[PDB]
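Inspection log for the structure reproduced underneath, given as structure tokens.
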Amino acid sequence: XXXXXXXXXXXXXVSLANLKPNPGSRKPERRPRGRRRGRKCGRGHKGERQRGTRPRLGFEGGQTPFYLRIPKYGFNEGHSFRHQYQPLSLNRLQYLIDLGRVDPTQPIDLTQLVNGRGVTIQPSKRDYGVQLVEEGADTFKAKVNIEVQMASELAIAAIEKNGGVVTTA
Amino acid sequence: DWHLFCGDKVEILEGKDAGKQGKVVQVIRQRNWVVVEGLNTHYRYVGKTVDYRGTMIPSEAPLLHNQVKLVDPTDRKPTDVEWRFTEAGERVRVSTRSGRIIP
Amino acid sequence: XXXXXXXXXXXXXXXXXXXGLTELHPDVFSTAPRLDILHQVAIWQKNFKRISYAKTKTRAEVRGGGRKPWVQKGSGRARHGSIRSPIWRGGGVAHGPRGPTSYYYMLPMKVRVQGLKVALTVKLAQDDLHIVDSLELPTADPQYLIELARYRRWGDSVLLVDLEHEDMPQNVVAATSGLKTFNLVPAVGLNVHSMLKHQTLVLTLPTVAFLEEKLXXXXXXXXX
RNA sequence: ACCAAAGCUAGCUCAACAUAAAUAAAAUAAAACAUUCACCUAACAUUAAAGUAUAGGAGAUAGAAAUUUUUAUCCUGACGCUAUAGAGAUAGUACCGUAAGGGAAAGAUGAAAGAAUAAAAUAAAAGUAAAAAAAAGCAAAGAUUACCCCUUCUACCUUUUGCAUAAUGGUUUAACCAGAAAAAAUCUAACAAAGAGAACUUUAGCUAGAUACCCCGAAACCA
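Put into structure tokens, the structure is as follows:
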């Protein structure tokens, strides 16, 4: 409809001078010069806020800081040495089956799952395992072999129930 | 590779004096100009105070070399300069039309 | 499915012939051309070509010394530090260009691709786009090209994209020699900047082939 | 019309390419200060690991490694700037200091002197041109005459609860001169369970663009 309306009328051939952005595309950057905000450039009257020497962030003004009054726990200790495992839903799998991806047993593997853009990249995860958390598994398609590091009980259950094969490495 | 030298008969293709022919008195490479005999007449003042007699004399003002062209000794027509080596084993400048040696 | 049918007029370019027929199906066409995308592509193309050679000297980079010109108090003059200060006429500027940079940026592939696509659509529907089977320039002289552009009533500025750059000397020699009106460029070197630079586009059959192949493969890669 | 402005050209910045010996500190940041401090002296390429593993008055801050990914020449200049800009430089001269050292200012007629061609002659300053009938004025406006008296009004700026204030800054004019950082977010577009040029994110996200945090000044310390 817009193609016919654009082709019907004869325009200026759209020279480079006729190029214009959509409304609200680029902001009209504010310049401190003017009588709008006088002489303080929005920094207010005096104080240390006016100066560029103003105090650093994370400072409560000399009173005991917030983070210093908080006890310690091993929450951060985990993110270092934790053994990484990624859960995968059976819904995603049956979705891959419904997307017309590779059917047969033999070629199926994690590599093929990588090529299908259905995998999560784990560059910062050392000793990466693969796990399956059950979901969307109701009346899912049958005769599909899956090879994973460690599969959950309900995953192996769901897969074997419909005739699938669970390969544990 | 230079164009005009002192003493040759030259022609002028541009200006009020265009079309006239004459020899060159002096060539200055500083301001890049030439002076043709009895051409571009201008006023000059040589006075005598003691004798009370002032004397105004006509003189030739320097003209741009780009408006001046050399004249071939044979063809006699104005022409551009070209650098060649004759059969006599010499480095010379000749007309772009004929083979007459300018030097 | 709406199929756009474009008529390709074959010109033997000798003279006095507008007659030719080829049925083309440019699926590359788009309903509404994006002005925003085109503008962003143009701005970007203008941006990565910036040399950013602008330079100055901050007060620290000034050859002048840092000695105090006089005592702080008792002199009767104003308080002053080194004479290389920006408040001094012998000093530089603090906010100046002196610190270098790079004005370019990385634009997503789909954006620039859709940019060239939309631009091609613009040139298409503007009637300024013509398709030919081949190109012939037997005489190979400026006068022939000029009188051809005047007789056939082409645009004021025509961008010719034909050759694969590997052949046909007779055309290129005359086309690339002293011509302001017409511009030359290989089929694999076709860009949006070149198209937007000219008011008229003329493509040949192989050029249209490779172009529609590249654009269909990029549209299919962007849709998937 | 007077002192005067206005008319050009040297000149350079930066990128790329070619080619007779011996652990330096401290000021400062942690709004004090004492352990501590990216940085600087010489060797130290890209992507990602990663602002992670750790270290630290476990305060400020400091901060890898294992490992990963990478690529052949040939193609030159300006969305850099002109006498207050760009180097200070028509020069390290003149000049200052015993010395080390510090460090300036400074050219324009015309194509040709062939010396009356030019074209404006308005910046602050005095000349052509002073106040003018017994009248008051932060310096004008409304009336009024082609001028004035009368009537109506407490300089600017800064700092402050509040300044015409006898609080601050300014002889005047010209010129120079002080808000350059995107994480999360709002917004404009690309695609969408995927985005993004082999790097990350992701129970509508992802990518790109566009939006907010200015200068001058010590007394002193160290080498």
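Protein chains in written order, with PDB author numbering: chain P, 9 to 177; chain Y, 53 to 155; chain F, 59 to 282. Ideal Cβ placement from N, Cα and C applies to all residues, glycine included.
Should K181 (chain F) and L174 (chain F) be called a contact, given that it needs their Cβ atoms to be closer than 8 angstroms?
-> Not in contact: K181 (chain F) and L174 (chain F) (Cβ atoms no closer than 8 angstroms).
What are the residues of the segment 172–204 of chain F that lie near chain P, defined by any Cβ-Cβ distance shorter than 8 angstroms?
-> Here the close residues are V180, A183, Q184 and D186.
Of all the options F:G122, F:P144, F:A183 and F:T234, which has the alpha carbon lying nearest to the alpha carbon of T89 (chain F)?
-> Of the residues F:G122, F:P144, F:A183 and F:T234, the one whose Cα lies closest to the Cα of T89 (chain F) is F:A183.
Taking the alpha-carbon positions, what's the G124 (chain P) to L273 (chain F) distance?
-> Going from the Cα of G124 (chain P) to the Cα of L273 (chain F) covers about 23 angstroms.
Taking C-beta to C-beta, are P155 (chain F) and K113 (chain F) nearer than 8 angstroms?
-> With contacts defined by Cβ atoms closer than 8 angstroms, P155 (chain F) and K113 (chain F) form a contacting pair.
Near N105 (chain F), what residues of its chain come up, given a Cβ to Cβ distance below 6 angstroms and the 5 sequence neighbours on each side ignored?
-> Scanning its chain for C-beta atoms nearer than 6 angstroms, with the 5 sequence neighbours on each side dropped, one finds around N105 (chain F) the residues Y161 and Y162, in chain order.
Would you call the segment 120–127 of chain Y and the segment 148–155 of chain Y touching, i.e. three or more CB-CB distances under 8 angstroms?
-> Touching, per the Cβ criterion.
Contact the segment 55–66 of chain Y vs the segment 163–175 of chain P: 3+ CB pairs below 8 angstroms | Contact between the segment 55–66 of chain Y and the segment 163–175 of chain P is absent, because fewer than three Cβ pairs lie under 8 angstroms.
Which one or two residues does DSSP pair with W135 (chain Y) in a beta bridge?
-> Y:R145.
N-terminal and C-terminal residue of the alpha helix (DSSP H) that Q157 (chain P) is part of = No alpha helix (DSSP H) holds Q157 (chain P); DSSP gives it neither H nor E.
8 angstroms Cβ cutoff met for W85 (chain Y) and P114 (chain Y) | Their beta carbons are under 8 angstroms apart, which means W85 (chain Y) touches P114 (chain Y) by this criterion.
Every unbroken alpha helix (DSSP H) within the segment 94–155 of chain F, with a cutoff of 4 residues, ordered by chain | DSSP runs (the alpha helix (DSSP H)) wholly in the segment 94–155 of chain F: none.
Any idea what DSSP makes of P130 (chain Y), helix, strand or coil?
-> DSSP, read as helix, strand or coil, puts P130 (chain Y) in strand.
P29 (chain P) at chain F interface by Cβ criterion, 8 angstroms = Interface residue, yes.
Cα separation between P73 (chain P) and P79 (chain P)?
-> A direct Cα-to-Cα measurement between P73 (chain P) and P79 (chain P) gives close to 13 angstroms.
Can you tell me which of the three DSSP states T119 (chain P) falls into?
-> Note: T119 (chain P) maps to helix in three-state DSSP.
Buried or exposed by the 16-neighbour rule on C-beta atoms within 10 Å, applied to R117 (chain F) = Burial call: buried.
Sequence-distant residues of its chain with Cβ nearer than 7 angstroms to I109 (chain Y) (five each side left out) = Contacts found: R96 and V98.
Is the beta carbon of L193 (chain F) less than 8 angstroms from the beta carbon of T262 (chain F)?
-> Taking 8 angstroms as the Cβ cut-off, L193 (chain F) and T262 (chain F) qualify as a contacting pair.
Paired residues, beta bridge with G137 (chain P) - DSSP = For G137 (chain P), the beta-bridge partners assigned by DSSP are P:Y93.
Taking Cβ-Cβ distances below 7 angstroms as the criterion, which residues of the segment 93–120 of chain F are in contact with chain P?
-> Legend: CB atoms of the segment 93–120 of chain F lying less than 7 angstroms from CB atoms of chain P belong to residues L93, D94, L96, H97 and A100.
Flag this pair as touching only if the segment 218–229 of chain F and the segment 237–252 of chain F have three or more C-beta atom pairs under 8 angstroms; answer yes or no.
-> Because the criterion of three Cβ pairs below 8 angstroms is met, the segment 218–229 of chain F and the segment 237–252 of chain F touch.
What in chain P is Cβ-close to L254 (chain F), meaning under 7 angstroms?
-> Per Cβ cutoff of 7 angstroms: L24.
Runs of beta strand (DSSP E) wholly within the segment 62–117 of chain Y (minimum 3 residues, chain order) = The qualifying runs are 73–80, 85–88, 93–99 and 106–112.
Locate the alpha helix (DSSP H) running through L122 (chain Y), then write down its first and last residues.
-> In the DSSP assignment, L122 (chain Y) falls outside any alpha helix (DSSP H) and lies within the beta strand (DSSP E) extending over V120 to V123.
Which one of F:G157, F:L79 and F:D214 has the shortest CA to CA distance from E119 (chain F)?
-> For the residues F:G157, F:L79 and F:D214, the minimum Cα distance to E119 (chain F) belongs to F:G157.
Quick one, are the C-beta atoms of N249 (chain F) and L217 (chain F) less than 8 angstroms apart?
-> Contact: no.
If we ignore side chains and look at the alpha-carbon of each, how far apart do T93 (chain Y) and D69 (chain Y) end up?
-> Roughly 10 angstroms separates the two Cα atoms.
Whole-angstrom Cβ separation of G134 (chain F) and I141 (chain F), contact assumed at under 8 angstroms?
-> Wrong, their Cβ atoms sit about 18 angstroms apart, outside the cutoff.
Would you please verify whether the beta carbon of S33 (chain P) is less than 8 angstroms from any beta carbon of chain F?
-> Contact with chain F is found for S33 (chain P), since one of that chain's Cβ atoms lies less than 8 angstroms from the residue's Cβ.
Terminal residues of the alpha helix (DSSP H) in which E161 (chain P) lies = Note, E161 (chain P): alpha helix (DSSP H), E161 to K169.
Pick from F:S215, F:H97 and F:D214 that is closest to residue 40 (chain F), judged by C-alpha positions = As displayed, chain F neither begins before 59 nor continues past 282, which places residue 40 (chain F) out of reach and without an answer.
Does the distance from the C-beta atom of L82 (chain F) to that of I204 (chain F) stay below 8 angstroms?
-> Here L82 (chain F) is not near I204 (chain F), since their CB atoms are 8 angstroms or more apart.
For the beta strand (DSSP E) holding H251 (chain F), just list the boundary residues, first then last.
-> First-last for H251 (chain F): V250 to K255, but that is the alpha helix (DSSP H), not the beta strand (DSSP E).
Starting from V173 (chain P), follow the beta strand (DSSP E) in both directions and report where the run begins and ends.
-> From DSSP, the beta strand (DSSP E) with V173 (chain P) extends over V173 to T176.
With a CB to CB cut of under 7 angstroms and the five nearest residues on each side skipped, what residues in its chain are close to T265 (chain F)?
-> Around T265 (chain F), the same chain offers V219, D220 and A245 as residues with beta carbons nearer than 7 angstroms, after the five sequence neighbours per side are excluded.
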